[PDB]
Amino acid sequence: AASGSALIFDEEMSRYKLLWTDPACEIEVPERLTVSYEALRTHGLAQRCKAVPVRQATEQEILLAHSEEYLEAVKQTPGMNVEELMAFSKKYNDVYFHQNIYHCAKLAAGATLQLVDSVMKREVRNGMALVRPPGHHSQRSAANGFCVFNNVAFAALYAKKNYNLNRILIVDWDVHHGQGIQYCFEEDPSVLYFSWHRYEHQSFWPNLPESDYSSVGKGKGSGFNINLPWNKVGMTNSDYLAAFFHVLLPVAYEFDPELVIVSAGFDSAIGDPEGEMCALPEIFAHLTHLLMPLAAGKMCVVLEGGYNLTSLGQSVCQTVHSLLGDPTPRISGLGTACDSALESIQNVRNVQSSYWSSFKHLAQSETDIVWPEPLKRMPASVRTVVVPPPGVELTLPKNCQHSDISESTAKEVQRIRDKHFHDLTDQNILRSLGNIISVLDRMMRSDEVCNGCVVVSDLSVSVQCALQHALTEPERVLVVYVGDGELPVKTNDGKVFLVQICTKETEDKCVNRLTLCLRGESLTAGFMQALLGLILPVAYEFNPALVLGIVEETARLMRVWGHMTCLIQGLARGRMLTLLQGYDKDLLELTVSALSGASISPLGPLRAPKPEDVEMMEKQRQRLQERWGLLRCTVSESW
Ligand SMILES: COCC(O)(O)CCCCCNCCCN
Ligand SMILES: [K+]
Ligand SMILES: [K+]
Ligand SMILES: [Zn+2]
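Residues numbered from 1 in each chain as written, not as in the entry; some residues may be left out. Chains lettered and ligands numbered in written order. Heavy atoms only, no water. Residues with missing side-chain atoms left out of burial classes, pairs and counts.

K.L.:
Which residues make up the side chain of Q529, and what values go with them?
P.N.:
By the element assignment, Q529 lies in helix α15 (residues 523-542). With relative accessibility at 15%, the residue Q529 sits in the buried group. Those residues in contact with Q529 that sit more than four places away from it in its chain are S357, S358, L534, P609, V614 and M617. (Helix = DSSP H or I, 4+ residues; strand = E, 2+ residues; numbered from the N terminus. Buried < 20%, exposed > 50% of the residue type's maximum accessible area, 1.4 Å probe, protein only. Contact = heavy atoms within 4.5 Å.)

So, in structure tokens, the structure goes:
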């Protein structure tokens, strides 16, 4: 029922600045807030967001994560002169105070709570708060790293008290380790904290031993703190996506959070002087997209770091673009993560193996810098086209339409019939192939339609016309097929990759085919492991121009189909055609709901998969990780 996205911002939070010479602090400028909001207005996305006003966090709310002594000390900063502000800033590590910073800190804290309230009251589906100062370094009785009050820690504690939440996921993709959040929920199993950060073997700020992968929590909360250290600079998009596919996402979907809060620091992007990483701003459009199936889309993005004004504006827009449901941009050049990233990923999975069932099999035997500008993201005129069987009226979302076949398309279906299948008069089939071409032409060519779903009766003839027609308009087509037969699909030229979900196991020889024969109780948990750990890594590296989904009528376990078509829309700018053999009102409504960008129901309590399933999946990884390096979650054995 939730509708749009909130953007909480106020110019007042940019009215404090550093007043003395401090080489460690001069990068935290008010222009980070000005450039970020001005970039959203330039791209027209600010106007597309509901501008929820900011408020001050009350004293009672600040004490949720801070002590009375620390709050009382900061409360007297508005009355201090410059010399007194210098002496107060020296008591903490890499932070400066201003006459207006206590005011702005309460606004940054209150703005975060306004976003949490808007999301939890179903007034919006998600949102972002462009706040300042940041927070994830702030501790109970100390300011730290430009942070006065821990904004994200407030949001989690605030959502727990006023909404009785049991599970909250915090994703910290800032380039620094948010040790203030880790200290706050160190013993709390209700708040799962994930953070990657530039570590360089503790040589990078804040130089903390507990910032390493070994800190998994304490007491009842052990296993709910996940640190992923970067021990070398220059981490690429492949490193960031390997962290998501092989660490964060398997844990997040098993956790099943009721609310997702993001410590969105963009100093992990290309060109930032503090992060020195090499990920392009478009990667944040996917980091946001891969998390939105969680918690029915209830996602609160809180601005943290980001100090390259050009890179910051681009990364903010890519985040809001995905939150508004705009199609995700294509990511090319993906491959294996570097050895340092694979070592970090390998170590985190090993330590966490005793806590999460996605890693449980790893525990015993028999297991001036310049970059190109991002392209223009644009939502289609109508996102989804639905073609039900002849004479079936349906209730469609406001951004959907039905199929009329023009005479230009009607002549093509004939030419296809007089050449191939020249003994085909089933006029019902001829209409479906006419629909397939009409929807595909509106997908690939004109920017009017994003994706679509077509109900078919013949499978071999329909998938042939769909696949062959897509390979001639321009390039690369990924095929996801849930059935047991054999389809006229040739994985010969490297232009097609086929993912097959069947019942009987088939010895696969081509490295362009991924066959998943999953055993029937835990078919939901096993499918999600294969989706996050196998299907998504190869699909992202393959980088298709169109996704072709096929479901035969014999196929049942449909609870996972909504998550697949939502996550798989990260490929091919969301251009996905789904062919459903036979009519199923529930399955058709599920496909159209997820294709349209609506939220998906959580999977609930995710159990543990069968050992025979994880064994089959790891044998597929061994067979394919040499060709598709993004599948790797360990360091390669050198000859
Ligand atoms: C969410 O806050 C944004 C941030 O994480 O980027 C803040 C950390 C800056 C602290 C680093 N000081 C420079 C090192 C010189 N000793
Ligand atoms: K982080
Ligand atoms: K925790
Ligand atoms: Zn940072």
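Having put the structure on the table, let's press on.
K.L.:
Describe the coordination of the zinc ion (ligand 4), and please don't skip the residues or the numbers.
P.N.:
Distances from the zinc ion (ligand 4) to its protein donors, namely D174 (OD), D174 (OD), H176 (ND1) and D267 (OD), fall within the range 2.0 to 2.5 Å. Given 6 donor atoms and angles of 56 to 155° at the metal, the environment of the zinc ion (ligand 4) is assigned as irregular. Counting residues between consecutive donors of the zinc ion (ligand 4) along the chain gives the motif D-x1-H-x90-D. Of this pair, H176 sits in the loop between β3 (168-172) and α7 (179-184) while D267 sits in the loop between β6 (260-264) and α9 (283-289), and the two are 91 residues apart along the sequence. The buried category is assigned to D267, whose relative accessible area is 0%. (Donors = N, O, S within 2.8 Å, 3.2 Å for Na, K, Ca; no water. Tetrahedral: all angles 85-135°; square planar, octahedral: opposite > 155°, others 65-115°.)

K.L.:
Could you give an account of the coordination of the potassium ion (ligand 3), with specific residues and numbers?
P.N.:
Note on the potassium ion (ligand 3): its protein donors are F185 (O), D188 (O), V191 (O) and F224 (O). The metal-donor distances range over 2.7 to 3.1 Å. Here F185 falls in the buried class, since its relative accessible area comes to 3%.

K.L.:
Kindly report on the nonpolar core, identifying the contributing residues and their values.
P.N.:
Formed by 180 residues in total, the largest nonpolar core has its most connected members in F97, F149, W196 and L516. In terms of domain composition, this core takes at least three residues from each of domain 1 (1-367) and domain 2 (379-632). When neighbours within four sequence positions are excluded, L516 is seen to be in contact with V499, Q500, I501, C502, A530, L534, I535, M616 and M617. By size, the runner-up hydrophobic cluster in this structure holds 34 residues, among which are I429, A470, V477 and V496. (Core = buried A, V, L, I, M, F, W, Y, C linked by side-chain atoms within 4.5 Å. Domains from an automatic or database assignment.)

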